[PDB]
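The chain below stands alone and is given in structure tokens; this is the form deposited in one PDB entry.
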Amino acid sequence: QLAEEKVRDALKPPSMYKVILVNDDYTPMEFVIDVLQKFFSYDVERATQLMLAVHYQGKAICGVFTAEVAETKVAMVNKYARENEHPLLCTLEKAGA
């Protein structure tokens, strides 16, 4: 009905973004573990596997966040990387979910 149509139209999925770490040949594995623990609340075990994924797969997803939070994570991780003089690049892509 009219009320039910109003419900339907208000169920557009949230714009969500994957926060991604991209591999490079200069950033220490230990530093990537540190990043994952500091900014994403991963335990050492989970942080280690994701870091391995970065190294062997080329990139890995750190988690999925609202646009606003995702941009905040990217800013922080990149800042942390540069101040430690590493090229590690944290970026975003739309999840579609």
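Note that residue numbering begins at 1 and tracks the sequence as displayed.
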Next item on the list: Check whether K94 goes without coordinates in at least a third of the other compared PDB entries of this protein that model residues on both sides of it.
Entry: no
#### Entry: At least a third of other PDB entries omit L2
no
With B-factors read from the PDB entry, the higher C-alpha mean of 64-72 and 42-50 is in 42-50
Of 77-85 and 13-21, the stretch with the higher mean C-alpha B-factor in the deposited entry is 13-21
In terms of its chain's C-alpha B-factors, the third that includes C90 is the lowest
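Beyond the structure shown, there is the form solved in complex with a partner chain, which is absent from this document and is the topic of what follows.
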- prompt: Just to confirm, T72 within 4.5 Å of its partner chain in the entry with it bound by heavy atoms?
  reply: yes
Quiz prompt | Residue contact check: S41 to its partner chain in the entry with it bound, 4.5 Å heavy atom | solution = yes
Taking the shortest heavy atom distance, is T66 within 4.5 Å of its partner chain in the entry with it bound?
yes
